[PDB]
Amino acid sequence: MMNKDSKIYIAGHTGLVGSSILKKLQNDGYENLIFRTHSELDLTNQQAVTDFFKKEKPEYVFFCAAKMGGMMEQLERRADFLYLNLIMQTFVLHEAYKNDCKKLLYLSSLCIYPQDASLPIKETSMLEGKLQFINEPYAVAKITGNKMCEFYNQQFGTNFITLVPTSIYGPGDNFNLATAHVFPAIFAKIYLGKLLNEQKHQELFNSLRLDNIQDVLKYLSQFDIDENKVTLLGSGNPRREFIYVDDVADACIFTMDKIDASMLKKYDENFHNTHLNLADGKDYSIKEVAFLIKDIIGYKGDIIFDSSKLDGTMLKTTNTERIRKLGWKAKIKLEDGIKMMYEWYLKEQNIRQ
């Protein structure tokens, strides 16, 4: 349905997901792709989004802009992670409607779901129970975004489509040890632990943008990482699914080509909980993932789990019957995704950290 010459806007194109969607549409030869850096268009400025949408009137919108961070950043920035994401999504979704966009893809998150939802989690569990405390700010932004799509679809006849991915990983992520989500954090922690263990001082200098090992050792000691051990957060017991960034990009494009409002009414004629879960593969513990990374990248040191730090939800699995029956499948297995991310990590000179 998206034509080669359709005006396609990718919001948050510099991010993990947005960069993968933009790269794929560029590779696949789409002719009319529009995007703006945060510097060029601040999506927290109501009038700037109004002006952009009125000038450009994109036919398709992939909403990939967000301000997020891992568990510890979420426990600090309670106001910021509600506020910034509420306004960005509300201005983009509203102006996409006011300027007669054909379809919009809203990216949501598993934190919409109740902590004690029956497993595997069904899309119909949204708003049926108490949230995970850690995630409440972002969860409330995402629930509100999901419901906003439903209400625009119902009142205005829009095609505002929601995909709810599991935790994502791959090239282009935020690997800042303090602010990263679990997968990029533990990958970056184990990788730096490996360079230290193997006395690869120059790679550590180049990777961390530091000049001497006193500064490297001091930076890494903050995370209880030394030449012998890499310490990770919590018990390592929480279990969840992971999905490779290029599979999410593929699913977003697939959904934008193939789903409309009329198809959502087959799930619920009032658009109630008509988002689609997006997941691939089994659940893994954080400890299993850590040990898999350690094997793949050849780390010889110890992985210790500092159980003095928080775990939240101990088990997440996702019902993916809606998107499976629509015909989507993942291409990238966890071992291959780790290898692709490692290959990229070894060569990228502008890593987010």
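One rule holds for the numbers: they count along the sequence shown, beginning at 1.
Of the two segments, 83-91 and 183-191, the one listed with the higher mean B-factor is 183-191 (C-alpha atoms only). As recorded in the PDB entry, 339-347 is the stretch of 7-15 and 339-347 with the greater mean C-alpha temperature factor. By the numbers in the PDB entry, the CA B factor is greatest at 221 among 221, 144, 109, 274. Reading the B-factor column for the CA atoms of 78, 122, 201, 239 in the entry, the top value corresponds to 201. Among all modelled residues in this chain, the alpha-carbon of residue 256 has a temperature factor (C-alpha) in the highest third. Annotation for residue 290: CA B-factor lies in the lowest third of the chain's modelled residues.
Sorting the modelled residues of the chain by their CA temperature factor places residue 250 in the middle third. Compared with the other modelled residues of the chain, the Cα B-factor recorded for residue 39 ranks in the highest third. Ranked by C-alpha B-factor against the other modelled residues of its chain, residue 196 falls in the highest third.
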